[PDB]
Each structure stands twice: as C-alpha cells, then as structure tokens.
2 protein chains.
Amino acid sequence: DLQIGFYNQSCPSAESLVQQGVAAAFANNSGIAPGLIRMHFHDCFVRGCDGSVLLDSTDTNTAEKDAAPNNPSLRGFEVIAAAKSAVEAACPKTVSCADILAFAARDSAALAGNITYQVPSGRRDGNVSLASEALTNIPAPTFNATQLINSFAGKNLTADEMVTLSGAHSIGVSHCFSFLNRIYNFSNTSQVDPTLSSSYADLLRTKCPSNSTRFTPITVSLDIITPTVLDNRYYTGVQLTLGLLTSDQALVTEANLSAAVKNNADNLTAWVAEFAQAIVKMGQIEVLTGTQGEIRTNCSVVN
Amino acid sequence: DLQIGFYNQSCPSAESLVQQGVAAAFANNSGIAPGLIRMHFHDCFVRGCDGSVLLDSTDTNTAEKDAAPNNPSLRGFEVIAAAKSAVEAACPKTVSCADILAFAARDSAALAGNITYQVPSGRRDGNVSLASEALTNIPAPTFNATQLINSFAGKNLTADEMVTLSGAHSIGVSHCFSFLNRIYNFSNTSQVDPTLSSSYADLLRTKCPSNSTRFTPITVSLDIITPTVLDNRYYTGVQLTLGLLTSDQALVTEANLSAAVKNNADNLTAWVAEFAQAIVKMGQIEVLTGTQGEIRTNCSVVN
Ligand code: HEM
Ligand code: HEM
Ligand SMILES: *[C@@H]1O[C@H](CO)[C@@H](O)[C@H](O[C@H]2O[C@H](CO)[C@@H](O[C@@H]3O[C@H](CO)[C@@H](O)[C@H](O)[C@@H]3O)[C@H](O)[C@H]2NC(C)=O)[C@H]1NC(C)=O
Ligand SMILES: *[C@@H]1O[C@H](CO)[C@@H](O[C@@H]2O[C@H](CO)[C@@H](O)[C@H](O)[C@H]2NC(C)=O)[C@H](O[C@@H]2O[C@@H](C)[C@@H](O)[C@@H](O)[C@@H]2O)[C@H]1NC(C)=O
Ligand SMILES: *[C@@H]1O[C@H](CO)[C@@H](O[C@@H]2O[C@H](CO)[C@@H](O)[C@H](O)[C@H]2NC(C)=O)[C@H](O[C@@H]2O[C@@H](C)[C@@H](O)[C@@H](O)[C@@H]2O)[C@H]1NC(C)=O
Ligand SMILES: *[C@@H]1O[C@H](CO)[C@@H](O)[C@H](O)[C@H]1NC(C)=O
Ligand SMILES: *[C@@H]1O[C@H](CO)[C@@H](O)[C@H](O)[C@H]1NC(C)=O
Ligand SMILES: *[C@@H]1O[C@H](CO)[C@@H](O)[C@H](O)[C@H]1NC(C)=O
Ligand SMILES: *[C@@H]1O[C@H](CO)[C@@H](O)[C@H](O)[C@H]1NC(C)=O
Ligand SMILES: OC[C@H]1O[C@H](O)[C@@H](O)[C@@H](O)[C@@H]1O
Ligand SMILES: [Ca+2]
Ligand SMILES: [Ca+2]
Ligand SMILES: [Ca+2]
Ligand SMILES: [Ca+2]
C-alpha cells in the first residue's frame with residue numbers, strides 16, 4: 001500500500017522541493033548523487049526504508065551511521081536536511097524522512113545517469129537505529145557470489161536484481177580500506193588478487209598504503225571506465241578484470257550472475273529499465289505505512 | 001629478395017638457437033618480449049631492418065639508441081647479444097644481426113601471445129646509425145591520427161596496418177614521460193586530457209610526479225586490461241578511454257581508424273592473422289640483401 005503521488009493533496013510541491021535541494025547540492029559536489037543512492041540502499045537493508053540510517057548517535061547508543069561500513073563513508077546528510085527543511089516550511093509534519101530519501105536517490109539517478117522513474121510514497125519514519133544491526137545487515141565487499149545472493153534473498157530480492165542493483169557502483173567512490181584485501185597480503189601464494197588487473201593493482205598500491213584504515217581519506221572511483229556516469233560500464237569493467245571490489249568481481253564467478261552481467265554490459269536501455277525497477281522494488285522493503293511510525297520533523301533525531 | 005629458411009643450408013640451427021636465447025631471457029623477465037618487438041620496429045623505421053639500432057655510440061657520433069625515444073626506453077640488447085654469441089659459435093660470420101632481431105621479435109610474439117608466424121630471412125647489417133635519423137623517423141606518442149598515418153605511409157604501410165601494429169601496445173610498458181602531456185598541464189581549460197579516464201588520470205598523477213623526465217624510472221603498462229598477454233584488449237581499452245598514449249587514443253578520433261579498432265577489438269583471430277602479416281611486412285622495409293652490407297660479427301659494433 002505505497003502510492004505514487006501520496007502527497008498529491010497534502011504536499012503537492014514536495015518532490016520538486018527535494019529535487020531542487022539535490023540539484024543545488026549536486027552542482028557544488030557531484031559526489032552527493034552516489035552518496036544518496038547508497039544511503040537509500042543502506043536505509044532499506046536495515047529495518048526497512050524507514051529513515052533509520054539518518055538518526056544521530058546519542059549517549060544512549062551508537063546508531064547505524066556510526067557503524068564501520070557507514071562511518072566515515074556515508075555522505076549526503078546535509079542534502080537530506082536541506083530538502084527536509086524546505087519541505088517542512090512548506091508542509092509541516094507531513095512528508096516523512098523515509099520518502100525524502102527515496103525521492104532524493106531518484107533525483108540522483110536522474111542527475112547522474114538520466115535515469116528517470118517514479119517513486120511510490122507514504123513511508124513513515126522509524127524510531128530505532130542500531131549500529132549492531134548495521135553490521136549484521138549490510139553486506140561487506142568481501143562477500144562471494146553466494147553470500148551476496150543470500151543477503152538479497154534475505155531482503156526478498158532476486159539474484160538478478162542483486163546484479164542489477166550492483167550497477168550503482170557505476171558511479172561513486174571507494175575508500176582504500178574497502179578493497180585493501182585485494183592488493184596487500186591476498187594469499188600465501190601472491191600479494192595481489194589474480195582476478196584484478198596487475199597494472200591496476202600496481203597503481204592502487206601506489207595510491208593506497210598498506211597501513212590504510214577505514215578512516216584513511218583516500219578514495220578511488222568504483223568505475224574506472226565512466227567514473228561519474230551511472231551507466232552499464234560497471235559491467236564491462238567487471239568482465240575485464242577491472243572490477244574494484246571483491247563483491248564486484250564476484251559477479252563473474254558464477255554462471256547465472258555472469259550471464260546477467262553480459263546482458264547488462266551488452267545493453268544500456270535494458271539495464272536502465274531494469275535498474276529503475278529494482279530500485280523502486282528496493283524502496284519498498286519492510287516499510288512503515290498508515291499510522292505506523294511518525295513523521296520525523298528533524299531527520300537526525302526522533303521526535 | 002627475402003626467403004623463409006635462408007639459413008636452411010648455411011646455419012640450420014639458427015632460428016632454434018635464437019628462440020632458446022629469447023626463451024631463457026623471457027622466463028627470467030617477461031619484459032624482454034615487448035622490448036624486442038619494439039626494437040624490431042625501431043630498427044625497421046630507420047634505414048630499414050638493417051640492425052642499425054643495435055650499434056653503440058662512439059667518440060665519433062651519437063647513435064640511434066642514444067636518441068631520446070630510444071634511451072633509456074629500449075631494452076633487449078643483452079638478449080640479442082646472447083643469441084648472437086650462440087649463433088656465431090655455431091656458424092661463424094653467417095647469420096646477420098638484422099635477421100636475429102626479426103627472429104627474436106617473432107619468438108617474443110609466440111611467448112607473449114601464442115602468435116606464431118614464419119620470418120623471411122636474408123637481411124644484411126648496415127654500417128650507419130645516427131641519433132638524428134632516429135629522432136626524424138620514429139613517431140612520437142604525441143602524434144595525432146593524421147601524423148601517425150603519414151609516418152607509416154612514409155614507410156609504405158597502410159593506415160589499417162598502422163592500427164594493427166599499434167596492437168603491439170597490448171603488452172609492454174611506458175615511462176611516465178611518454179604520456180605526461182596527458183595528466184599535467186594538458187590545456188588552459190583542464191589539467192588532464194578529457195579523452196582519458198578521470199579515475200585513471202588521478203591514479204597516473206599519483207604514480208607519476210610532474211617533475212618527471214624521460215630518465216625517471218617509473219613505468220606503467222600500456223594495456224591495463226591484460227598487461228602481459230599480447231591480445232586484442234589494447235583495442236577495447238582504447239575505446240573505453242583507457243588508451244594510455246596520446247597516439248593510442250588517436251586511433252578512435254578518426255572514423256576509418258575507429259572502425260579498424262572495433263574490428264580488432266570485436267574479433268581476435270582476425271586481429272592475430274593481420275598482426276602476423278603486418279609484422280612480416282614491417283620486417284621488409286628497405287632491407288639489404290645479396291652482397292649489400294655485411295654480416296656483423298658483434299651486433300654492437302661495425303666490423
Ligand atoms: C551488493 C552488495 C554491496 C556491497 C557489498 C557494497 C559495498 C560498497 C562499498 C564497500 C562501497 C565503498 C565504500 C567505501 O569504502 O568508501 C560502496 C559504494 C557504493 N555503493 Fe555499494 N555495495 C553493494 C551494493 C550496492 C547497492 C545495491 C547500491 C544501490 C542500489 C549501492 C550503492 C553504492 C553507491 C552509490 C556507492 C558509492 C558511495 C559514494 O560514492 O559516496 N551499492 N558499496
Ligand atoms: C604507432 C606509432 C607508435 C608510437 C608513437 C609508439 C610509441 C611508444 C612509446 C612512447 C612507448 C613507450 C616508451 C617509454 O616511454 O617507455 C612504446 C612502447 C612500445 N611500443 Fe610503440 N609506438 C608506436 C607503434 C608501435 C609499433 C608499430 C610496434 C610494434 C610493431 C610497437 C611496439 C611497442 C612495444 C612492444 C612497446 C613496449 C616496450 C617495452 O615494454 O619494452 N609500437 N611505444
Ligand atoms: C662486442 O663489442 C662490444 C663493443 O665493442 C662490447 O661491448 C661487447 O661486450 C660484450 O661482452 C661482455 C663480456 O666481454 C658480455 O658480458 C656478459 O654479460 C652478461 C650479463 O649482462 C653475462 O651473462 C655474461 O656471462 C657476460 O659477462 C656482454 O653481454 C657483451 N655486451 C653486449 C651488449 O653484447 C663485445 N662482445 C663480445 C662477445 O666480446
Ligand atoms: C497523483 O497524481 C497523479 C497525476 O497527477 C496520478 O498519476 C496518474 O495516474 C493516472 C491513473 O491513476 C495515469 O493514467 C497517469 O499516467 C498518472 N500520471 C503519472 C505522471 O504517473 C497519481 O496516481 C497514482 O499513480 C498511478 C501510476 C497509479 O498507481 C494510481 O493508482 C496512483 O494513484 C496520483 N496519486 C494519488 C495517490 O492520487
Ligand atoms: C572474424 O574475422 C575473420 C577474419 O579473419 C572473419 O572470417 C572471414 O570472413 C570473411 C567475410 O567477410 C570471409 O570472406 C573469409 O573467408 C573469412 N576468413 C576466415 C579465416 O574465416 C570472421 O567472419 C566470420 O566467419 C566467416 C567464415 C563468415 O561466416 C562470416 O560471415 C563471419 O562473420 C570474423 N568473425 C566474426 C564473428 O565476425
Ligand atoms: C536491448 O534490449 C531491449 C530490451 O528492452 C530491446 O528492446 C532493444 O532493441 C535492445 N537493443 C539492442 C541493440 O539489442
Ligand atoms: C536536528 O537534530 C540534531 C540532533 O541530532 C541537532 O544537532 C540539529 O542541530 C537539529 N537541527 C535543528 C534545526 O533543530
Ligand atoms: C627451407 O625449408 C622449408 C621447409 O622444408 C621450405 O619450405 C623453405 O622454402 C626453405 N627455404 C629455403 C630458402 O630453401
Ligand atoms: C660501409 O662503410 C664502410 C666504412 O664504414 C665503407 O667503406 C663501405 O663502402 C660501406 N658499405 C656500405 C654497403 O654502406
Ligand atoms: O654486464 C654489463 C656489460 O654490459 C655491456 O654488455 C657492455 O657495456 C659491457 O662492457 C658490460 O660489462
Ligand atoms: Ca532503515
Ligand atoms: Ca559509469
Ligand atoms: Ca635500422
Ligand atoms: Ca594485452
């Protein structure tokens with residue numbers, strides 16, 4: 001029971017106002033687009049798309065955003081706040097943080113790849129955000145193909161949709177830490193992952209030191225082919241040994257996944273059409289509707 | 001007047017002995033294969049395939065190999081000397097340095113790409129080697145499409161063959177200097193060549209400092225996709241903005257050349273078959289035969 005244009009009557013201007021927020025942000029720093037698409041994904045995989053990822057930590061507990069996979073990597077919170085400030089001045093206590101985040105990811109898909117779709121709305125905001133659930137529910141870049149498939153099945157998403165959605169890594173960046181397993185001490189037999197181009201590896205070793213931590217502020221684009229265009233080049237790059245994350249390279253290590261990649265790589269419009277579906281589908285995981293939850297007036301804190 | 005099996009009678013073991021020389025060196029350092037293929041190329045473009053590139057400078061004159069595009073980049077000379085020592089112990093004053101280098105490049109194509117072809121022989125060695133002619137006759141990596149086409153025309157090679165032969169950059173390395181134009185001070189409008197991947201550029205900037213010179217001993221593989229396999233991946237990488245040299249990227253800036261790339265990239269046997277013909281053809285530019293020139297007993301020096 002989520003609908004496109006939930007706010008038709010209650011807040012007609014909302015989708016526009018969010019898109020302006022995002023568009024302003026994007027022109028300053030185009031990295032907010034990939035940032036916000038990841039945020040939406042990280043929302044949806046813990047307690048559903050309920051805005052829980054946006055809550056700050058307190059003295060009471062460490063929230064999701066301060067878990068290892070989220071801090072310091074997640075980015076886009078200013079944008080969300082600014083969209084949310086706009087919307088609250090226009091339709092107070094009406095539009096949820098959950099919908100704003102779903103909307104913003106959609107606006108980022110448009111800005112980064114000209115990918116245009118519509119967003120069912122009527123989500124409500126949760127009151128719970130636990131780092132411990134973030135750790136549990138967010139897949140790691142060290143996952144093999146089977147493990148990726150099982151996260152996503154865990155969220156009622158097909159393998160094929162897992163592959164489709166991985167194409168988000170067609171834009172945005174990675175901290176050194178996230179792929180360090182592949183370029184230092186990979187095995188007893190070699191220092192570097194054989195499934196990663198030895199030239200690329202050499203370059204990544206020179207950019208990213210062995211003592212790198214998750215706070216080391218050194219990043220590298222996930223898609224070496226078209227770093228800022230949300231397109232199907234990710235899938236080409238994965239087939240060419242140019243996949244950056246272990247979880248990226250995982251997609252050609254299993255037959256049905258490997259074929260989905262070939263098709264995504266072979267066909268842009270086809271992947272685009274698929275991506276818009278998967279992400280609309282992702283945006284509907286264990287959502288709160290009706291009277292459930294609240295309309296959080298400040299995204300960073302429970303009312 | 002060149003024939004396959006020139007030495008059938010005079011030195012039947014020669015082709016084998018050279019292949020052994022090369023094979024031994026290759027197993028110690030696989031970089032000698034690309035090294036030798038470039039050497040053959042650099043021989044053939046100045047005064048013909050006459051062994052001229054192998055001559056040392058004297059107190060009299062600076063030779064080809066001490067010109068900027070050859071020094072310090074050219075490598076493979078010890079290998080050639082070792083094959084030459086072998087062959088002279090076996091068939092004194094019989095096998096030319098020109099043929100040994102043609103042979104060696106062929107042995108390197110086999111080792112690096114399983115590319116097997118036969119080499120017509122009967123070349124003789126020249127007695128002249130000028131740095132000034134090296135500078136004149138060797139194309140620079142800053143060449144646009146037109147300029148590349150005109151070098152090769154100048155040596156009676158078709159544009160299509162130029163494209164085929166560029167495929168040699170599917171293995172081997174480049175010193176930073178050779179592509180430094182692209183990652184520092186490219187224009188007034190931008191620091192980096194926009195036809196080169198922005199992520200790649202950032203990584204090359206990090207490996208290769210701006211103060212770099214042609215003596216700076218820092219190299220980067222020409223083919224980021226399969227750095228040590230002599231295959232058609234060069235051509236893919238060129239189309240994906242991953243072409244390393246300006247002269248590499250040049251090949252998709254002109255419709256005719258750009259279609260030759262698509263073909264090479266789309267079809268491997270096709271490319272392989274063509275490369276073997278082009279290179280045999282390259283090895284017959286302004287060769288000396290019969291009694292012309294000499295059979296140089298020591299490759300580094302005139303008799
Ligand atoms: C399939 C399992 C996934 C894993 C294991 C994973 C993991 C990661 C990691 C480690 C990064 C880099 C973080 C860093 O070190 O800085 C990243 C980036 C990203 N991921 Fe994923 N990811 C996955 C799937 C997805 C999905 C489904 C989406 C969206 C639908 C997505 C969107 C993004 C985006 C947009 C970025 C770039 C972040 C930025 O540039 O700010 N990812 N991912
Ligand atoms: C088309 C015009 C060409 C230009 C401008 C050019 C230029 C270059 C440059 C600058 C390098 C790197 C040198 C350095 O800085 O270290 C290089 C490497 C190489 N080139 Fe070319 N090249 C061309 C054509 C060819 C042809 C026709 C062949 C073979 C038939 C060839 C084979 C090679 C090989 C094998 C290497 C690797 C060298 C090594 O690893 O030791 N190139 N080329
Ligand atoms: C031919 O004439 C050249 C100039 O007049 C002269 O430089 C040549 O030197 C060559 O001879 C030396 C030994 O005299 C060889 O040294 C060898 O080096 C390798 C490793 O680098 C060893 O495997 C080997 O055991 C030996 O010590 C050179 O390789 C060689 N150099 C070149 C470029 O040919 C002279 N040639 C001869 C055979 O006398
Ligand atoms: C909010 O207003 C929209 C029009 O301004 C509605 O969308 C339109 O719905 C028509 C039939 O419902 C359809 O023919 C139009 O093509 C569509 N327009 C667009 C731009 O999508 C919208 O209705 C919702 O969306 C459609 C796709 C269906 O799912 C409807 O059942 C939904 O109600 C209006 N939303 C609401 C909640 O009233
Ligand atoms: C890969 O390149 C080959 C060139 O070496 C193509 O084969 C050649 O195709 C010619 C038609 O243009 C034909 O006259 C030649 O006989 C043939 N040569 C050889 C050695 O096969 C090959 O083309 C495909 O295979 C041939 C036999 C025909 O069936 C074509 O219609 C095919 O396209 C190229 N392969 C592909 C998939 O393009
Ligand atoms: C790509 O697949 C789509 C499926 O939507 C199809 O309609 C389109 O014609 C395809 N294009 C090519 C060139 O295969
Ligand atoms: C919104 O919430 C956070 C508490 O996490 C607070 O620091 C921030 O300043 C608040 N903004 C406003 C305008 O109240
Ligand atoms: C050498 O022998 C081969 C095969 O036995 C032959 O085909 C080739 O043409 C011969 N070359 C010469 C110069 O006789
Ligand atoms: C080669 O040069 C020598 C002197 O170095 C000269 O006497 C001879 O005529 C030249 N021969 C050829 C074929 O160039
Ligand atoms: O092994 C090093 C060796 O290299 C070349 O072969 C020559 O310049 C020799 O004089 C030198 O001794
Ligand atoms: Ca959530
Ligand atoms: Ca991309
Ligand atoms: Ca020559
Ligand atoms: Ca290659």
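## A word on the state of the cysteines
Residues and elements named next belong to chain B.
Part 1: The final tally for this structure, using the stated rule, is eight disulfides over all chains.
Part 2: Covalent S-S linkage joins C11 and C91, the inter-sulfur distance amounting to 2.0 Å. Disulfide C11-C91: the torsion about the S-S bond is 75°, which places it as right-handed. Of the two residues, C11 sits in the loop between β1 (3-4) and α1 (14-28) while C91 sits in the loop between α3 (77-90) and α4 (97-113), which places them 80 residues apart along the sequence. In this pair, the class of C11 matches that of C91, namely buried.
Part 3: Here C176 connects covalently by a disulfide to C208, the sulfurs 2.1 Å from one another. Between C176 and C208, the S-S dihedral sits near -75°, and the bridge is therefore left-handed. Here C208 lies in the loop between α9 (198-207) and β4 (219-221) and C176 lies in helix α8 (residues 176-179), a separation of 32 residues in the sequence.
Part 4: Listing the disulfide partners of chain A by sequence rank of the bonded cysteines yields 1-4, 2-3, 5-8, 6-7.

## Overview of the interface of chain B and chain A
Accessible area lost during the coming together of the parts is what is often quoted as the interface size.
Part 1: Across the boundary between the two partners, chain B contributes 19 residues, which contact 18 residues of chain A.
Part 2: Between chain B and chain A, the buried area comes to about 1,500 Å², and carbon and sulfur atoms account for 69% of it.
Part 3: If you sort the residues of chain B by the area they bury against chain A, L203(B), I224(B) and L240(B) come out on top, with a joint share of 35%.
Part 4: Residue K207(B) is joined to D202(A) by a salt bridge in which the shortest nitrogen-to-oxygen separation is 2.7 Å.
Part 5: Between chain B and chain A we count five residue pairs in polar contact in total.
Part 6: Counting only elements with at least two residues in the side of chain B that touches chain A, the list comes to α9, β4 and α10 (233-239) of chain B.

## Observations regarding the side chain of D50(A)
All names here are of chain A.
Part 1: By the secondary structure assignment, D50 is in the loop between α2 (32-44) and α3 (77-90).
Part 2: Buried and without a salt bridge, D50 has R47 as its closest oppositely charged side chain, separated by 6.0 Å.
Part 3: There is a polar contact of 3.1 Å between the side chain of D50 and the side chain of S52.
Part 4: Beyond its immediate stretch of four places on either side in the chain, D50 contacts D43, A98, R124, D125, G126 and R296.

## A look at the domain arrangement of chain A
All names here are of chain A.
Part 1: Parsing chain A into structural domains produces domain 1 (1-138 + 283-303) and domain 2 (139-282).
Part 2: Taking only C-alpha atoms into account, the centre of domain 1 sits 24 Å from that of domain 2.
Part 3: At the junction of the two partners, domain 1 supplies 28 residues and domain 2 supplies 23 residues.
Part 4: For the pair domain 1 and domain 2, the summed buried surface comes to about 2,100 Å²; carbon and sulfur atoms form 70% of the total.
Part 5: Sorting the residues of domain 1 by area buried against domain 2 places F45, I115 and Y117 first, and these three jointly supply 26% of that buried surface.
Part 6: The tally of links from domain 1 across to domain 2 stands at zero salt bridges.
Part 7: Summed over the shared surface of domain 1 and domain 2, the number is ten residue pairs in polar contact.

Quick notes on the rules
Residues numbered from 1 in each chain as written, not as in the entry; some residues may be left out. Chains lettered and ligands numbered in written order. Heavy atoms only, no water. Residues with missing side-chain atoms left out of burial classes, pairs and counts. Disulfide = S-S within 2.5 Å. Helix = DSSP H or I, 4+ residues; strand = E, 2+ residues; numbered from the N terminus. Buried < 20%, exposed > 50% of the residue type's maximum accessible area, 1.4 Å probe, protein only. Contact = heavy atoms within 4.5 Å. Buried area = accessible area lost by both parts, 1.4 Å probe. Salt bridge = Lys/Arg side-chain N within 4 Å of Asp/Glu carboxyl O. Polar contact = N/O pair within 3.5 Å; in protein donor to acceptor, adjacent residues only side chain to side chain. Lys, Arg positive; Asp, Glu negative; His and termini not counted. Domains from an automatic or database assignment.

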